[PDB]
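One structure below.
Read-outs throughout are calculated quantities, based only on the coordinates presented, and are distinct from any laboratory measurement. Cβ atoms come from the backbone with ideal geometry, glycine included; neighbour counts cover every protein chain shown.
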Number of protein chains: 6
Amino acid sequence: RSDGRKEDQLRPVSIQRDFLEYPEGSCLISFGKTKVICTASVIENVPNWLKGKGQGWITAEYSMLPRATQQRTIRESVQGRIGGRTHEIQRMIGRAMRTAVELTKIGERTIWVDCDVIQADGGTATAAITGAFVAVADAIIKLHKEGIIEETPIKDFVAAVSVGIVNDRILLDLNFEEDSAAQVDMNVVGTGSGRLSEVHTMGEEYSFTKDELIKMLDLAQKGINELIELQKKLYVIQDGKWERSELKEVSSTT
Amino acid sequence: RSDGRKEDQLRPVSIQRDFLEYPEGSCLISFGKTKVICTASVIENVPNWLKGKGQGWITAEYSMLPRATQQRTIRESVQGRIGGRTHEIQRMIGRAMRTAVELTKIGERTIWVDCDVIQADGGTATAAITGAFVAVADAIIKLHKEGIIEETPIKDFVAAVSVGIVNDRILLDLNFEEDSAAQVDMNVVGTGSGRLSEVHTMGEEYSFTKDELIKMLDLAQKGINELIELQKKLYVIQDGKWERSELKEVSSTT
Amino acid sequence: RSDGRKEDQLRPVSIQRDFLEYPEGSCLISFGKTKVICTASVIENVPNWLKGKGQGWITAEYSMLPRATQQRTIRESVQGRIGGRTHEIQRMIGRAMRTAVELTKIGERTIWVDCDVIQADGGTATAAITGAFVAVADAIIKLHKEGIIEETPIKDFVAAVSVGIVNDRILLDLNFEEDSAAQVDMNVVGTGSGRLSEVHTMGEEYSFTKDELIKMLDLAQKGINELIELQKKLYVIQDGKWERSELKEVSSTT
Amino acid sequence: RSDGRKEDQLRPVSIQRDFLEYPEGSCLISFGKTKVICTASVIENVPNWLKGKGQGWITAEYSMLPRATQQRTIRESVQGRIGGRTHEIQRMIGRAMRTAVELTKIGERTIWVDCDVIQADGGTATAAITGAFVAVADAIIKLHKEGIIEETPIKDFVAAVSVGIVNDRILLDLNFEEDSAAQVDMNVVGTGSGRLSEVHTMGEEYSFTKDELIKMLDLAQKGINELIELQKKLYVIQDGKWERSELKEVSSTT
Amino acid sequence: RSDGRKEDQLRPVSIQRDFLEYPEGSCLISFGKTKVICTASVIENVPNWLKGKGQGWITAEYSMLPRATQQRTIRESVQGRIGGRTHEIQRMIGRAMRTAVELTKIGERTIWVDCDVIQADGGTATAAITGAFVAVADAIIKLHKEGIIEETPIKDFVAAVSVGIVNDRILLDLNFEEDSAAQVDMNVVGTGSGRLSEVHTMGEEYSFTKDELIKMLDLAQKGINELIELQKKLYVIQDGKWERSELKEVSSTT
Amino acid sequence: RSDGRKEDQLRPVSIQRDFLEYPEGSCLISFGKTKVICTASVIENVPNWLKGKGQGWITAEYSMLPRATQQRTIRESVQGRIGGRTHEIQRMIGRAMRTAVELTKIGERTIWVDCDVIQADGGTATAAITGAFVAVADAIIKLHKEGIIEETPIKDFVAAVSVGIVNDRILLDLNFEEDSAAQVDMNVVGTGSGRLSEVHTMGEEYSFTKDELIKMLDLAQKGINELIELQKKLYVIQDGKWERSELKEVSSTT
């Protein structure tokens, strides 16, 4: 592969917590040149349709700063029309975070997750999900430490990674060139206990077999596991009680 | 199940070609109460980025008439903001159609696919993909018969179906109630030769296992096969040459 | 005339009730190649400005599926700006339905009328009004049969037709070619008892005389009457009590 | 009537030409408290679809300054959604101006008509059409005087007025209260030679008869004639050559 | 200078109160060819965030009718995207009016200020502020005379003017040509007692010195004073009680 | 002051160049808790109105990530309406950068400046201008080193700072609390040689004197000078030739 990386090998991964001061939780995550700021802010309110249902909510906003993929990704501000792509990913990030949290125990508040891609080189959505978790966990731990909530109702770790078939090779965690040249690309969102939260496989004018899907899913689950091993070094958990470890940054040895 | 249907059983399916006169291809497809009008219109032009590249294009527009799911699905007209959901599905339908067609041989024109859901009861997106194919195939056959193009460059049939886990039961082709009550729902897009074009599995605040994904994918591929057997009765193909059969409508015996 | 039709002759008309299952009322109407799906759905609420005024409301949404007039009528979704034309017609349809109904007796609910043009060849707005009535009447009858309301407060039938001056000939019910070539075109909305609800005459860079307006209005009222004779076969009315006849479809003998 | 005005009587009318300096043509017209600034500006270009067709174009923009009808008519700027009503009227004004001008002889340029309602008390659209004509005529005369065009290709005067049925009385030129209380209201656009350009009659939850329409149309044509007699004092015409008279303002004696 | 005007000389200024009848306050102001209609309307309500805070509010809407600067300034209606420029000026006008009024004493109502530029030749924003004051003062006086409020809580006069450096000359009140050719342009908003409310100086690809800023500010304050001397002739004030003088129009002797 | 800072004292300032890899120039700047990512990307094209005029262009995009001022600043994406405030600042940043660059010598390309506020505590716009310069200078130096352009046509350093009057005290560089409580706030944009590019002073319902403006401007120019002394350590310049120093980060000793 271009970067001299193996086929079943992730790019250098780095996760830095406490990136910013104001959010209850925040981090700067990077998969290679792909960099995303993930923040988690508590809003002392809930969406109208949940009012009074004794439950919290998590929702997410994703944005790709104009300078992405070394090209131009002009925001949704000084422009107009909005892409259902940004929306597709925001919904993805939202589903991943809610699956990992027992919202029953968050109280009637909302964790507003913001994922700001400050540099894109493929895998930006899976990088955002991986980072968003750390920011959400930190934010729940912060809320607990402040006494706003009784426990730290986090069910499990959540991470995500991309995989694809390029020139008939199954590659793990694709950068932008590999993805634009892929016959089949795929995003996988997994949990700490080895389960799955989401899987989206797409043939790019090429079809694939059930077996190729499984091969890809197998490689992705291994990628997810390595990412979760990194995330794990950031926490100290016991019987459902979460505390942050003393690490402020964790990175892959690659 | 509510409708007395089995777990590995599709709802009554009906596909009617030549539903409208003006489009090069058109049909009314129905999966139960879910009904979608699928039309395919040729536009003698191409997207700027393809100009001169000796190739055709296929793109799709999906809309859900206000009266859907027995509720209100107010269009994107007399309103304002647009959902990335409509966009997510339009992109899905577009990918499915392009995968099934050798665009090299369509010439520099575009097949504009319109999917109009006139009644929603779950599975509307997979129903639209299933119907869109018939309209695209008919339209290519029509273009051939008119002498606009040399052959009928259709690679294979394409159909799609939903599957999910509801109250820990794996169900095929979900209606709206089963889907809103599902722990995991999934859309699968497959081909004539038994391959896959797309798979999207989503945990709805529940995670799942690789094996459950495979069980679901297995049930879906069987569903896809039954839908493609129906579609097949509408065509007579030999060595890549496509002609319409004499059927104007095909329906499942259920 | 192109289609071999006489000057004071309507195109073949067809009205099919119960086209869809979910709406309280629904039909597929066609004036030649012009086809419109008209549905009427009850929303158990009212516009804020009517709250508590012991009255119901009727409002309408009109849309022209991209494939219309054998050309491209891209919706208001994956685009942006909205035309005051769609709005002009929605307001027209709304005025026609409210005139035909004693809203005092509908209770505080709204009949949401949806007119979806699935094929356009001129006269689409008058076709929608003609069809919308049948869907609204059926919906009121349905509400009565369900016991939601005491009576069937329908004042009279409502239908509409276009007329114009083309190459100095006064033609009834124009298709798309006649209308684009017309010096003066006009839409007329009339009632069962031979009265008028709306009339809009427009010189297309040509002016006309009071007498020509009357000639046109006379031809239109005859057209309206024929359309209302068709609609009438769909109902059995006595002393203001409306019941559906046993016909599911009615068509002109032409 | 409220203002002590007769049923077949217009409000005090005033037309002032040369209201502004920059536009080729401009005026401030008033029907009672209804006041509209009408300007006509030449743009040395044409809409793409007319390029090279040896013809000019006229199009119009209508706006209702927030302070209208003594209430709030917040513009389309610091808001968002646009009403098809503004559009309906802009199209009306456009049709009226083009009918009155032989566009063949204007050259490939466009007369951009701007109608700015600075005070609304009913009849604002008909007032705008009445005023827009004067601004368009002046602008064509100005273009001629500057040598940009050979002649003054104006076919005839154009004016417009409203009429309605209120408490079963047929009233001419309605103010805002009469119009909101009307059973049937109507806008009529007529020419110098007594012909018609447009007529739009609308039952407001009340239907009407062919004869009532004629009575109303008769009253309107008389109103149109009085307005055109005023406009006429502003010009000196002979064999199709138009020159401005020496009047800068003309008003009705009422 | 082009118009034969001196460097420290304003263009001919004219202010006409009672321009329209419906607004509580209104005027037509002109700085040369720059003309702006300024109206002030009372809305018996307040912005949600002020509800119950025993205070009034003033906000402003600015619009530039398509015919401005002898060019085309197409509104925000039949277009789409909005400029932050219109917003920048609306905020400016809002700040100027609120500074001049003791909102504590207006009650819980809002003065809606509308500034409609009907002709642009530079200095349109400062002209609007100058005119908006007169309309706001008149409106407060009107509210007092109607007994809606106890006193006339107007703190002081407010006026504004532009100044710039053109070909290294410091000019007062620039028309459109001088401003587009300026190296540095500036808007100043001042009060009756010689104080300042706002100052915005902008280098147009040229930088300037603190001293040049002061020279410009000095010239502007003299301009502001002359404009306020004009405004003053429109009122008769004593111990904070404001009454209108008998002048309906005031103009500079130039 | 709250933070124990003096009245004529800036918050701790930090500027880090090469923050990201893809942009030709980039940095993370911080004034206290106020943090902004500033990137400069070259687009090998120019705005249509400049085509062929042998000149380059600089334009800017500013955005405030939802998590700002410890509150919610929801972007312009999944929302709709846009604020003229974002636009006001983008125009400010654009004017500052163009003033500092001899665009004649950049060739026909555009430097696209992106300012992404990742944490807001007042002074975010002046912080963005201060940071944007460093990114633009680096980008021009980068373009030179790559041989795309002959020289490094940078005229001078540009920096900006806020100042205000709070409880009658003139404070330098205000955080969010001081600014919301200020009677008069002001933004100043200055150059390396001690000149000014922009000054915007705004009374917040309070007026001020020419002398207070000068006092504030004096304090700001001292602030600008300190910021420019920091920026200066990042470059080594001689006779108009710019090279980066070896520092990657520079911070104030405070």
key: Relative frequency of Cα-Cα separations exceeding 24 Å in segment C:1-121, percent   = 39 percent
task = State the answer as a single residue: which of B:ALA160, B:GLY240, B:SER77 lies farthest towards the positive end of the charge dipole of segment B:12-254, with beta carbon charges of +1 for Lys and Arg and -1 for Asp and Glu, about the Cα centre.
result = B:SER77
request  = Would you kindly work out the equivalent ellipsoid of segment A:83-189 from its C-alpha gyration tensor and give its semi-axes, the square roots of five times the eigenvalues, largest first in whole Å?
outcome  = 32, 13, 11
inquiry  = Which of D:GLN70, D:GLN90, D:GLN16 ends up with the largest GNM mean-square fluctuation for chain D, with Cα atoms connected below 10 Å?
reply    = D:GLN70
query = In terms of Cα to Cα distance under 14 Å, which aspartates and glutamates are near enough to C:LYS222, apart from those fewer than 8 places away along the same chain?
reply = C:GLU7, C:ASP8, C:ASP173
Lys/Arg +1, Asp/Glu -1 at C-beta; segment E:95-254 dipole; positive extreme among E:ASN187, E:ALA132, E:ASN175 = E:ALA132
task = Find the centroid of the Cα atoms in segment F:158-197 and in segment E:139-175, then give the distance between the two in whole Å.
result = 26 Å
ask   = Counting partner chain Cβ atoms within 10 Å of every residue's Cβ in D:208-215, what's the average?
value = 4
ask   = Simple spin-label model, 7 Å along Cα-to-Cβ: B:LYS215 to F:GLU151 in nm?
value = 7.5 nm
Selected from D:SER77, D:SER180, D:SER207 as most flexible by GNM, with chain D as the system and alpha-carbon contacts under 10 Å = D:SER77
request  = Using only alpha carbons, build the gyration tensor for segment B:41-82 and give me the equivalent ellipsoid semi-axes, biggest first, whole Å.
outcome  = 33, 12, 7
request  = Would you pull out the residues with amide H under 5 Å of E:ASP18's amide H, same chain only if 5 or more places away, H placed 1.01 Å from N?
outcome  = E:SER26
query = Over segment F:1-65, one equal point on each Cα, no solvent: what is log10 I(q)/I(0) by the Debye formula at q = 0.16, 0.23 Å⁻¹?
reply = -0.73, -1.02
remark   = Those trypsin sites (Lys or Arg not before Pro) from segment D:75-125 that are DSSP loop and have at most 12 other Cβ neighbours within 10 Å turn out to be D:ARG81
query = Given labels modelled 7 Å from the Cα in the Cβ direction, how far is it in nm from C:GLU229 to E:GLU229?
reply = 8.6 nm
key: Exam field: B:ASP239 pseudo-label spacings to other copies (7 Å along Cα-Cβ), nanometres   = 7.7, 7.8, 7.9, 7.9, 11.1
ask   = What does the average come to when, for each residue of peptide D:95-103, you count the partner chain Cβ atoms lying within 10 Å of its Cβ?
value = 2
query = Over the Cα atoms of segment B:12-254, Rg to Rh with Kirkwood Rh, two decimal places?
reply = 0.97
ask   = So which residue, out of F:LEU50, F:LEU230, F:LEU217, gets the largest mean-square fluctuation from a GNM of chain F using Cα contacts under 10 Å as springs?
value = F:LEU50
request  = Write out the chymotrypsin sites (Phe, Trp or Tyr not before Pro) in segment B:200-254 meeting two conditions: DSSP loop, and at most 10 other Cβ atoms within 10 Å of their Cβ.
outcome  = none
key: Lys, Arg +1 and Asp, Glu -1 on Cβ, resulting dipole of segment D:12-254 about Cα centre, debye, nearest 20   = 420 debye
ask   = Which three extents, in whole angstrom, do the alpha-carbon atoms of segment C:135-183 cover along their principal axes, largest first?
value = 54, 18, 10
message = Run the label-point distances for B:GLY80 please: 7 Å along Cα to Cβ, every other copy, nanometres, shortest first.
response = 0.2, 0.2, 1.7, 1.7, 1.7
ask   = Taking every residue in E:66-76, how many Cβ atoms of other protein chains lie within 10 Å of its Cβ, on average?
value = 5
remark   = The answer for B:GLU61, listing residues at least 5 apart or on another chain whose modeled amide H is closer than 5 Å to its amide H, is B:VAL113, B:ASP114, B:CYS115
key: From phi via Karplus (6.51, -1.76, 1.60), per-residue ³J(HN,Hα) for segment A:15-28 in Hz, x at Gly/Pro   = 10, 10, 7, 6, 5, 10, 8, 5, x, 4, x, 6, 7, 10
remark   = For chain B, the longest principal axis of the Cα atoms and the Cα long axis of helix B:84-100 enclose an angle in degrees, to the nearest 10, of 50 degrees
inquiry  = Can you tell me the orientation of helix B:210-232 relative to chain B, as the angle in degrees between its alpha-carbon axis and the longest Cα principal axis, to the nearest 10?
reply    = 40 degrees
key: Pairs of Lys in segment C:9-147 closer than 15 Å at Cα, counting only those 8 or more apart or on different chains   = 4
inquiry  = Taking a ≥ b ≥ c as the square roots of the Cα gyration tensor eigenvalues, with a/c under 1.5 meaning rounded and otherwise prolate when a/b beats b/c, else oblate, which class fits the protein assembly as shown?
reply    = oblate
note = Candidate cut points under GluC sites (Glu not before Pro) in segment A:133-202, DSSP loop plus at most 15 other Cβ atoms within 10 Å of their own Cβ, are A:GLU146, A:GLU150, A:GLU151
query = Net charge near C:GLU88, counting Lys/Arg +1 and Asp/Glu -1 over other residues with Cβ under 9 Å of its Cβ?
reply = +3
request  = State to the nearest 20 debye the size of the charge dipole of the protein assembly as shown about its Cα centre, where the only charges are +1 on K and R beta carbons and -1 on D and E beta carbons.
outcome  = 0 debye
key: Residue closest to axis [chain D; rotation mapping onto B; Cβ; Å]   = D:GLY80, 4
ask   = Roughly speaking, what is the centre-to-centre gap between segment B:1-59 and segment D:32-49 when only Cα atoms are used, to the nearest Å?
value = 46 Å
remark   = A correct Karplus calculation of ³J(HN,Hα) over segment C:111-121, with 6.51 cos²θ - 1.76 cosθ + 1.60, θ = phi - 60°, whole Hz and x for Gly and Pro, returns 9, 8, 8, 10, 10, 10, 6, 9, 6, 10, 8
message = Students often check this: by mean Cβ neighbours within 10 Å, which of F:188-196, A:162-170 ranks highest, and how do the rest follow?
response = F:188-196, A:162-170
ask   = What relative contact order, as a whole-number percentage, does segment A:1-140 give when Cα pairs under 8 Å and 6 or more residues apart are counted?
value = 37 percent
